[PDB]
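A.B. asks: Pasting in a structure now, in structure tokens, and then I'll have a few things to ask.
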Ligand SMILES: OC[C@H]1O[C@@](CO)(O[C@H]2O[C@H](CO)[C@@H](O)[C@H](O)[C@H]2O)[C@@H](O)[C@@H]1O
Ligand SMILES: [Ca+2]
């Protein structure tokens, strides 16, 4: 393949479309082998290509062709020969006062880049060496660095702050110059310190140096110290916070090691046993979407001491009043009643049983409906299989969510017209509870159903808006949940709120048909509905301060549910796709049922279409109420017209003409004159609700719980009593956060108390409050940004808003502990239809803790959210300074495990404590108290961006510095810092080459990278490994089965092809290791295959 130029076809510096560099001799023949061009040697393979990073003997010359494609003599040493002493006049002075904990700021003995130490003397005001006081600490990085590049970067950085030599240093620069320039930098530092009377400025500029960034040869900002930033913590992205560590044991860090057979990750309901078990049958799915590492620092709920602490916590919540306000004689009225188990799919399912046991023990919930229905818990179980795990395995100790209902309501009603399912879908088979002919009790699986929630169908709508406005910063919805700038939310919200006010056909972001959905939800049989604050009030702004467009319609339904909704049910959808849901009224379970005395004035009927151009065209819609409703007058509760939805609240508000009367089969019959298609803010399609005329004020459709003893597996039973319950989720993420000096009546828990009667009027029986735990403000996630401190991101699980130490009121987002106790008392003081108090639900959040105050050394592996090793070589059981230890002066320390001694002694709890837990196969363990959270109680954590090499360590010895131990497994301090002889560099010897780190220690059994960039290895004897003629270049070095290619000068080549003296070719990856049974892509798009042997294919 000759090479011709455009102007003329000459060959005598030729290129190719791939980049391959041919050079043809005079007259057009390509050359191969070793060639000399302009006094440089260049290697051309047998294909003709000029090649870079290629090593081999050619004509009895070992030549390494570098990135240039230019030969270097492998025999000649490529390192600087000579040592350099690290002892100077000042090292006697800068040496540590003492070589122990008292003179070094440290992490479990280990050191980090932000370690400060106490020298024996201070250069006071840069002019006189004085003995250092106790407080005369200086940053380690002022006098010591882990290698020359960091020292160099440090020198230039300090100089750029006016504290230095205005000239440029690099790892190329000499060891002795860097040391002398450091001293000049030290004078300037110390003069600044005398002037300011402070080192905060210095701490600030050392901290900011570490994370500093740099322009490079390419011209883009890199990290100046990659090993000390998140940049170095690379692995899988599949975790909400872009990475995750698993804590693992290691002899270097004895106190962070967990016991044997703890840290059982992924014990989700489906996989509690250790293996998936589909509990689901023919129509239903048995999938599990769970995973152990969700957010923040992951509590290990497979540890039995932790499990007991989870119990302890539930007891504390259920007795929060009596515990926190003993002097108060009404303390017993300020206790939580129920729990919401949170992130069920992200914790050991053993907790679901721990909790079920507790309520059987404390409140005897197992004996009947009356007791069971007095404490209604709910699971946050998203996975399809959990519904059936809950039933078969877990009794029904907590209520499962009906997600088939939620998704159907969303797909058939809320979507835009393009995306929307048919109303027929409501009669389908995959639905959890068949309602076409629901005519029994105690058959359905007990469940709560809802449409939206603080998280579900809210925070993701907001995040989509942020992402669509700033794709460059946040390109997905999951990544937008990490947005922290209050400006970004305000902006998104003015859009969100504006969209909600728009007609349905122009609703670009927010849900359609919300009242229509709520009409079906609130009139459905066999479920406990949950209402989201944000469907009555706006998701943002002040608590209960602004109504949505749906408030009238939804509140109308909510009160109407109280009066009319009872009895059997039937759903239909006529030829026109118009849904008709009917409740027959109490005492009547079918359309052919004559009923009781209660039936006549009860039993609602609902009409829903989802088609904005519904044109009946001589067809009729029919509401078959019962034969128990024949010849009966009916009147509307809700109706849609072009202005919106009308809500009639009494018989007398209805104009007489709108009344209409059933025929003899109890059928209502609607014309095209009545039902048509619409497009408003609140309805695309039609909506109507009809109630029977003549109901009384006394009338209440609900039913009292049975006292009869239940000998069943399930705690709850889907019947009339249970359908009489309703849950109201009483909060939003984006409620405005009462500012520091907010007046007392902004706080949501005060507002709650005021409006207590309103919730009772709506039929609320279980008030689901927000989590009450004081929030982090670190913005590591949505829940923890300061403009939404919702309480799912906390450090102290026992602190629900206590006053400060000085006795100043110091609230949470929602109010003080006082204000909470009162909120509970107000709700408790309200009494529902059966005379009993409105329940108050605690958010039980066992999964994680955010934002802990103290560091601890731990061993880590880089993984994804499921726990799967991301297989980063440099993050395999390494040591990390993790923020993972609680203060030990927090409320955890007071109340942690406090009641376990008390609870064991109780006879009623014997079952609970004696119970063998499924995943642990051991019982719960209440004999240890948890007053300080430590790393040993955590499965792992999200990546904290400290850096891999944040924990300091000597490259030559390859051990970690440790100031608290003298054990050999750690390196002792740098010889310079303890005023001993210390030299650094490569030193050639009659036997071979040794190397001493900047710390003064000998390289033994390690790889070492030169300042020039070449790697070298040092054997057990402390000598460089180097191939000889007797021993070829292809070599194992460390009993690892890993072959490297080491030239005669000791250079261990990387990202490079190497040769046998025989003629075979091998490729050595980024880590210098030989490649085997694989294809290699070249920069110029050439492909090479390497066999299992490691040889290149041909
Ligand atoms: O919020 C994101 C994600 O987490 C889930 C897990 O069930 O929500 C629960 O757990 C989170 C951390 O505790 C909280 O943000 C959230 O408020 C809580 O409901 C999912 O609902 C959600 O997809
Ligand atoms: Ca977990």
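Counting neighbours? That spans all protein chains shown, and the Cβs are built from the backbone with ideal geometry, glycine included. Quick note: the coordinates plus some simple rules give every number you see, no bench work behind them.
A.B. asks: Output the residue which, of all residues in segment 293-306 that are closer than 18 Å to residue 353 by Cα, within 10 Å of ligand 2 (Cβ to nearest atom) and assigned to a loop (DSSP other than H, G, I, E, B), is nearest to the chain's Cα centre (by Cα).
C.D. replies: 300
A.B. asks: Quick one: residue 501 ticks every box in (1) surrounded by 20 or more Cβ atoms within 10 Å (Cβ to Cβ); (2) more than 31 Å from the chain's Cα centre (by Cα) bar one, so which box is it?
C.D. replies: Only one criterion in (1) surrounded by 20 or more Cβ atoms within 10 Å (Cβ to Cβ); (2) more than 31 Å from the chain's Cα centre (by Cα) is unmet by residue 501, namely (1).
A.B. asks: Got a number for residues in segment 1032-1050 being in a loop (DSSP other than H, G, I, E, B), in contact with a strand residue (DSSP E or B) (Cβ under 7 Å, 6 or more places away or on another chain) and surrounded by 19 or more Cβ atoms within 10 Å (Cβ to Cβ)?
C.D. replies: Summing the residues that are in a loop (DSSP other than H, G, I, E, B), in contact with a strand residue (DSSP E or B) (Cβ under 7 Å, 6 or more places away or on another chain) and surrounded by 19 or more Cβ atoms within 10 Å (Cβ to Cβ) in segment 1032-1050 gives 3.
A.B. asks: Sort out which residues of segment 475-513 are over 24 Å from residue 418 (Cα atoms) and within 16 Å of ligand 1 (Cβ to nearest atom), and write them in order of number.
C.D. replies: 478, 479, 480, 481, 482, 483, 484, 489 - these are the residues of segment 475-513 that are over 24 Å from residue 418 (Cα atoms) and within 16 Å of ligand 1 (Cβ to nearest atom).
A.B. asks: Further question on the same structure: Is it the case that some residue within segment 582-595 is assigned to a strand (DSSP E or B) and under 23 Å from residue 505 (Cβ atoms)?
C.D. replies: Taking every residue of segment 582-595 in turn, none turns out to be assigned to a strand (DSSP E or B) and under 23 Å from residue 505 (Cβ atoms).
A.B. asks: Taking segment 744-768, which residues are in contact with a strand residue (DSSP E or B) (Cβ under 6 Å, 6 or more places away or on another chain) and either within 16 Å of ligand 2 (Cβ to nearest atom) or assigned to a loop (DSSP other than H, G, I, E, B) (or both)?
C.D. replies: 764
A.B. asks: Right, something else. Inside segment 319-405, counting only helices (runs of 4 or more DSSP H) that do not spill past its ends, which hold 3 or more residues that are within 28 Å of the chain's Cα centre (by Cα) and more than 16 Å from ligand 1 (Cβ to nearest atom)?
C.D. replies: Helices (runs of 4 or more DSSP H) meeting the threshold: 350-363.
A.B. asks: Would you mind stating whether residue 919 is part of a loop (DSSP other than H, G, I, E, B), in contact with a helix residue (DSSP H, G or I) (Cβ under 9 Å, 6 or more places away or on another chain), more than 30 Å from residue 301 (Cβ to Cβ) and more than 16 Å from ligand 1 (Cβ to nearest atom)?
C.D. replies: For residue 919, the condition - part of a loop (DSSP other than H, G, I, E, B), in contact with a helix residue (DSSP H, G or I) (Cβ under 9 Å, 6 or more places away or on another chain), more than 30 Å from residue 301 (Cβ to Cβ) and more than 16 Å from ligand 1 (Cβ to nearest atom) - is not met.
A.B. asks: Just give me the residues in segment 16-67 being assigned to a strand (DSSP E or B) and surrounded by fewer than 13 Cβ atoms within 10 Å (Cβ to Cβ), in sequence order.
C.D. replies: 33, 36, 40
A.B. asks: A follow-up question, please. Can you report the number of residues in segment 475-498 which are crowded, with 16+ Cβ neighbours inside 10 Å and more than 30 Å from residue 865 (Cβ to Cβ)?
C.D. replies: The total comes to 2.
A.B. asks: For segment 174-183, does any single residue satisfy the condition of being more than 44 Å from the chain's Cα centre (by Cα) and over 17 Å from residue 149 (Cβ atoms)?
C.D. replies: Yes, segment 174-183 has at least one match.
Here's the yes/no breakdown for (1) buried (at least 23 other Cβ atoms within 10 Å of the Cβ); (2) in contact with a strand residue (DSSP E or B) (Cβ under 9 Å, 6 or more places away or on another chain):
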| position | (1), (2) |
| --- | --- |
| 329 | no, no |
| 335 | no, yes |
| 349 | yes, no |
| 356 | no, no |
| 359 | yes, yes |
| 363 | no, no |
| 366 | no, no |
| 372 | yes, no |
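A.B. asks: Pull up segment 235-291, narrow it to residues that are within 25 Å of the chain's Cα centre (by Cα) and outside any loop (DSSP other than H, G, I, E, B), then point me to the one that is surrounded by the most Cβ atoms within 10 Å (Cβ to Cβ).
C.D. replies: 244
A.B. asks: Still on this structure, please answer the following. Being in a helix (DSSP H, G or I) and at positive phi is the filter here, so list the residues in segment 165-198 that pass it.
C.D. replies: None; the set is empty.
A.B. asks: Please enumerate the residues belonging to segment 145-163 that are more than 20 Å from residue 975 (Cα to Cα) and assigned to a loop (DSSP other than H, G, I, E, B).
C.D. replies: 160, 161, 162, 163
A.B. asks: Among the residues of segment 862-881, what is the count of those that are closer than 15 Å to residue 298 by Cα and more than 16 Å from ligand 2 (Cβ to nearest atom)?
C.D. replies: 1
A.B. asks: Going through segment 528-579 one residue at a time, which ones are outside any loop (DSSP other than H, G, I, E, B) and within 33 Å of the chain's Cα centre (by Cα)?
C.D. replies: 528, 529, 530, 531, 532, 533, 534, 535, 536, 537, 541, 547
A.B. asks: So, in segment 846-889, exactly how many residues are in a loop (DSSP other than H, G, I, E, B), closer than 27 Å to residue 340 by Cβ and within 15 Å of the chain's Cα centre (by Cα)?
C.D. replies: Looking only at that region, the number is 7.
A.B. asks: Then there is this: Go through the residues of segment 329-352 one by one and say whether even a single one is more than 16 Å from ligand 2 (Cβ to nearest atom) and closer than 17 Å to residue 713 by Cα.
C.D. replies: No, because not a single residue in segment 329-352 is more than 16 Å from ligand 2 (Cβ to nearest atom) and closer than 17 Å to residue 713 by Cα.
A.B. asks: Which numbered condition in (1) in contact with a helix residue (DSSP H, G or I) (Cβ under 9 Å, 6 or more places away or on another chain); (2) exposed (fewer than 15 other Cβ atoms within 10 Å of the Cβ); (3) part of a loop (DSSP other than H, G, I, E, B) is the only one that residue 201 fails?
C.D. replies: Every condition holds for residue 201 apart from (3).
Yes/no matrix, rows are residues, columns are (1) part of a helix (DSSP H, G or I); (2) out of contact with any helix residue (DSSP H, G or I) (no Cβ under 7 Å at 6 or more places or on another chain); (3) within 16 Å of ligand 2 (Cβ to nearest atom):
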| site | (1), (2), (3) |
| --- | --- |
| 791 | no, yes, no |
| 801 | no, no, no |
| 807 | no, yes, no |
| 826 | yes, no, no |
| 835 | no, yes, no |
